[PDB]
Every structure is written in C-alpha cells, then in structure tokens.
Amino acid sequence: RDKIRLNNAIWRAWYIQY
Amino acid sequence: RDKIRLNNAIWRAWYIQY
Amino acid sequence: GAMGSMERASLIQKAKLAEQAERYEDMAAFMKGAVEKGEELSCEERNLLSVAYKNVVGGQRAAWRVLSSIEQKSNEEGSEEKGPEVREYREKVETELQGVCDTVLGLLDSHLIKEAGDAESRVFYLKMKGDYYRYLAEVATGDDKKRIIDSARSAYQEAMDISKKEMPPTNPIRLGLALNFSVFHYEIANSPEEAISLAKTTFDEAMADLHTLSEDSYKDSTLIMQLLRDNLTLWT
Amino acid sequence: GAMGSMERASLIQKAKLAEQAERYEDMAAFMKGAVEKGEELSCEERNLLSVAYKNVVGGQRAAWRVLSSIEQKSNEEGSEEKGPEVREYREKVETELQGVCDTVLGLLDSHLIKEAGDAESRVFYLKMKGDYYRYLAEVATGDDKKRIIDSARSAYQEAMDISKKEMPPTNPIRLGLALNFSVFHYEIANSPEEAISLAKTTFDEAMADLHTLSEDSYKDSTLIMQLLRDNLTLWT
Ligand SMILES: O=C(COc1ccccc1P(=O)(O)O)NCC(F)(F)c1cccc(F)c1
Ligand SMILES: O=C(COc1ccccc1P(=O)(O)O)NCC(F)(F)c1cccc(F)c1
Ligand SMILES: [Mg+2]
Ligand SMILES: [Mg+2]
Ligand SMILES: [Mg+2]
Ligand SMILES: [Mg+2]
Ligand SMILES: [Mg+2]
Ligand SMILES: [Mg+2]
C-alpha cells in the first residue's frame, strides 16, 4: 500500500519537476 | 551489494527447497 | 490472432498465471484473446485486462522518461551532443508505446464499450479510454496532440457524468476515474486549479458518504482516497 | 539483421541507454548487433553483452520457476488439475528461454571464442558458454540433457585451466567463473561435495593472495568472495 503510494508520488512529481 | 547478496541467496535456496 | 484456437477459460487462466510470473506482455495478449471471443467481461476479468496493459504501457512510459531525461541533460547545446542516438531510441520506445495504446483503444472501441451493460462496466471502459488517450498525449505533438486531448477529455467527462448518476461516492471505479481525470487536468490539459478542485471535491464527498463503501472493495476505496490526498499534498 | 545498418559505436551507445532504462531485451539486441560487426569486444563491451543476456534469461528463469512451483502444488494428483494450461504456458516460457540461450551460444561459437586474444577474453567467453549451457540444463531432459551437461562442464573446465595459469587468484573473472562452476556442481552435476570443495578452495586462495586485487576491480572481487562464502553457508 505504502509502496503503491510512494511510486505514485514519484511518478506525479516527475511531471512537476521536468 | 546486500541486495545482490539477498537475491543470490533466494535463487540458490530455491534449488535446495524444490 | 494467435489466441483464436484457445478456449476463453484457458486464456483467462493463463492471464492469471502471467500476472503471477509478472509477464505483463503475455498477460495482455491472453486478455486480448479473451476479449476477442466477443463475450462480456466480468468485474474480475476487466481488472485483469486493465492490470496487463497498465503495466505494459507503464514500463514503456518509465523507459521513455529515463531516455527523455538523459536526452535533456545533453540537449542544452554548446557542450557534447553524441549524435542522434538518444532521440532515435526514444522515438523507438514512443512508437512501441503508441502501438500498445492503439491496441487497447481498438479493443475498447471494437468492442468493449459497444456491448457493455452495467453502469459500472460503461464507466470502467470509458475511464480506460481516457487513460490510454492520456498516455498518447504525453508523447504526442501538434494537431495529433489536440485531437487526442479532446478524445481523452470527452471519454473522462462521459465516464464522470454516468458515475455521479449511478455509483456511490466511495465506489472505487468512481474514485479511480476522478483520480485519473484530475491527473489529466494537471498534467495534460494545463488546468491545475481544475485538477485540485476535482481531487478535493472527490475526497470530501467520499468522506461525507463514508458509510457507502462495500465489504467487497473498501480496501480499494480507501487506497484511492489516500492517493487523492497525496496528489493534493504534492499540487498545493 | 535489423542492426546491420547501424554504426557499431551507435549500437554500444544504445545498449548503454537500454541498460539505464532497464530494457534488457533491446540491450541484448544492440550488443548482438555490435558483436556481428566482427570486431573484438573490449572489457567494457563484454560486460554489456553479459549483463543484457543474463538479465533476459534471468527473467525467463524466474517466470519458469513461478510456473513450475504453481504446477507442482497442483500436480500431486487426486485433487483438482485445471487441465493442461500450466504445463502449456511453462513449455512456452521454456521454448523462449531455449531460444535466447541458443542465440548467445551461437554468438560465442560464431564468433567470440574464435577471435579472442586475451587470456581474460578466452576465459570470459568460455565461462559464458558454461553458464548458457547450465541454463539449458535446468529445463532439459533425456539425451539432450546429458549432451548439455557435458558441454557446460567441458567449457567451465577449460576456462578454469586457463584461469589458474593466467590470472591472479583475486581476478573477478577467475572468481566469477569458479563461483558459477561450483554452482554447476551443486545444481546440475549432482556433485555437492565438489561444489563445496571448489567454493572453499577459491575463497581461501583469494584470501591467501589478497594483495593481488587491482585498483580497477577490487569491488567486484570482494563481492564475489562474499557470494562464495554465502553459498558455502547455504550448502553446509
Ligand atoms: O502510481 C501511479 C503512477 O502513474 C502510473 C504508473 C503506471 C501506470 C499508470 C499510471 P497513471 O498515470 O494512470 O496514474 N498511478 C496510480 C495508479 F497506479 F494508477 C493507481 C490508481 C488507482 C489505484 C491504485 F492502487 C493505483
Ligand atoms: O544472484 C544470482 C542468482 O542466480 C542468477 C540470477 C540471474 C541470472 C543468473 C544467475 P546465475 O545462476 O548465473 O548465478 N547469481 C549471482 C550473480 F548474479 F550471477 C552474480 C555473479 C557474480 C557477481 C555478482 F555480483 C552477481
Ligand atoms: Mg466457444
Ligand atoms: Mg515518434
Ligand atoms: Mg455533480
Ligand atoms: Mg564499419
Ligand atoms: Mg519445452
Ligand atoms: Mg590447480
């Protein structure tokens, strides 16, 4: 669940950053 | 390194078990 | 195709085996085979379909992102550009991604959306339509991009309309759709306010009618609710 | 093949990009393309070759193991056997694994082993030959199995002979070869004593001549030494 959440956070942040 | 080691252990143990 | 001679029940079974072995390409191919038998998918089968292709395209997207990032540390000119190799490989990955997206959208149009019955089923496929158009939009350009964005939005919006009419506010398909539609607003449609608005509305309506999620799927519901709050944390 | 028109330097470059994006199938294909240009591989290129195919076949092996295990919780008869589906899919994975192994062994025979120069290079390719035969042996049966086992052993043994003559006892290729040859003894040749014997001999000789590993590869050396001690822990 927390793995799912962390992956989601990384994917969404990628867009913000780049 | 420790990831590499743990994966190796799991793979080798698989054979012993099954 | 190659799956034409195999029994529908065997295809489903082998898709489940492919999931266990994390062979998402095979999983997808088995489910494409099942869909082509021309019968409705159950709740369980629809999820197997979604899992397979989400994971196939998710892999292609992650590779695309790695190549894109590499490419854009060494595109900023003046320094070394190694020649066309990074662009070339990125374009290769893109074409492959486009191919898989085109496949899913074809199955959906021919013929999952056609022959759906459940309000749940119509929403589930219209949400998928939105998603695979969204993935195309991430790498598309020009007139093609604008066509795709309006196609995604048209699918998402119809899914939402039905869902608000037909599904409890904690339904996981309803929630997953709003989550992804809000992501579309933020990442594709350049509407971050409308993204935040939707995500917050969706979360608050879920909380206000918490008493509605079901013994079968509440675990799915609560996770998407948490995903909505995480995106909000990121976007504000 | 499909890589025939692309420059050798571009193939190497794209293999490195594929490694970064974890696209090991593409990585392998780029390196096969490079090998087919007919020029020697450097140390760095040989490692790219090995990394690609080890990861491709490692994936197939892990899938094979998942399917095999599933198959053998529900082969033990009397209960439900679902029909041929598990065996069928396992056989599919096997055929694919066999294909990739056959490819690597073909490149090695045509023509990496031929045109090697370095003692290091001859050992590196003879070790690879041993490995890809070993992977074939894990899933083979009958007369084919016995042919393969003698092919692996013949390759491993020649690699060891050269290595003992030409390489320091801490050399990582020397160490990696002994590691894998000891694994062959244990897992393929049904010789666990000879496995333990080799692994212990290799570790102790490495320690006795510790002063010999090099500024370039000592990190590789110490890791394989630790892997040798871990297998010993498991096997005794
Ligand atoms: O973790 C992510 C990151 O984005 C993706 C990554 C791979 C495939 C697809 C996507 P997306 O752009 O469609 O979100 N997303 C959340 C989730 F995994 F899709 C999701 C949704 C609903 C419930 C979940 F338990 C998980
Ligand atoms: O972790 C394992 C498990 O077995 C494998 C898994 C995938 C591919 C190949 C193998 P194998 O049967 O050839 O060992 N093995 C050790 C290693 F990864 F190969 C290795 C060797 C030398 C140095 C290393 F840093 C790592
Ligand atoms: Mg029929
Ligand atoms: Mg393109
Ligand atoms: Mg409303
Ligand atoms: Mg030339
Ligand atoms: Mg077979
Ligand atoms: Mg000796």
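In each ligand, atom 1 is the first atom listed, and ligand 1 is the first ligand listed. Note: hydrogens, waters and symmetry copies are ignored here, and every other heavy atom, side chains too, is used. In what follows, chains are A, B, ... by sequence order, proteins preceding strands, each numbered from 1.
- The side-chain heavy atoms of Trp235(C) and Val183(C), taken from C-beta on, include a pair separated by under 4.5 Å.
- For residues 171-183 of chain C, the set of pairs meeting the side chain to side chain donor-acceptor pair (under 3.5 Å) definition, not counting sequence neighbours, comprises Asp131(C)-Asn180(C).
- Closest protein heavy atom to atom 14 (O) of ligand 2: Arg12(B) NH1, 3.1 Å.
- Contact check for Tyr186(C) versus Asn231(C): no side-chain heavy atoms found under the 4.5 Å cut-off.
- A side-chain donor-acceptor contact under 3.5 Å links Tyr156(C) and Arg134(C).
- The nearest heavy-atom contact from the protein to atom 19 (F) of ligand 2 is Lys54(D) NZ, 2.8 Å.
- Of all protein heavy atoms, the one lying nearest to atom 16 (C) of ligand 2 is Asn8(B) OD1, 3.3 Å.
- Under the 4.5 Å side-chain criterion, counting only non-hydrogen atoms from C-beta, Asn8(B) is not in contact with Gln226(D).
- Closest to atom 25 (F) of ligand 2 among all protein heavy atoms lies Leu223(D) CD2, 3.2 Å.
- Looking from atom 21 (C) of ligand 2 to the surrounding protein, the closest heavy atom is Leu179(D) CD2, 3.9 Å.
- Heavy-atom contacts of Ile4(B) reach the following atoms of ligand 2: 25 (F) (cutoff under 4.0 Å).
- Put simply, no part of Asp131(C) is less than 4.0 Å from ligand 1, judged by heavy atoms.
- Under a 4.0 Å criterion applied to the non-hydrogen atoms of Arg134(D), ligand 2 contributes the atoms 11 (P), 12 (O), 13 (O).
- The salt bridge (charged side-chain N to carboxylate O under 4.0 Å, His left out) test applied to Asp2(A) returns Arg5(A), not counting sequence neighbours.
- Between the side chain of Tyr132(C) and the main chain of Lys54(C), a donor-acceptor pair closer than 3.5 Å is present.
- Residues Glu88(C) and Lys14(D) are paired through a salt bridge, judged by an N-O separation under 4.0 Å between the basic side chain and the carboxylate.
- Of all atoms in ligand 2, listed by their number and element, those nearer than 4.0 Å to a heavy atom of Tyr135(D) are 9 (C), 11 (P), 12 (O), 13 (O).
- Contact annotation: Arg61(D) has at least one heavy atom less than 4.0 Å from an atom of ligand 2.
- At least one heavy atom of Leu227(C) sits less than 4.0 Å from an atom of ligand 1.
- The distance from ligand 2 to the heavy atoms of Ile224(D) drops below 4.0 Å at these ligand atoms: 22 (C), 23 (C).
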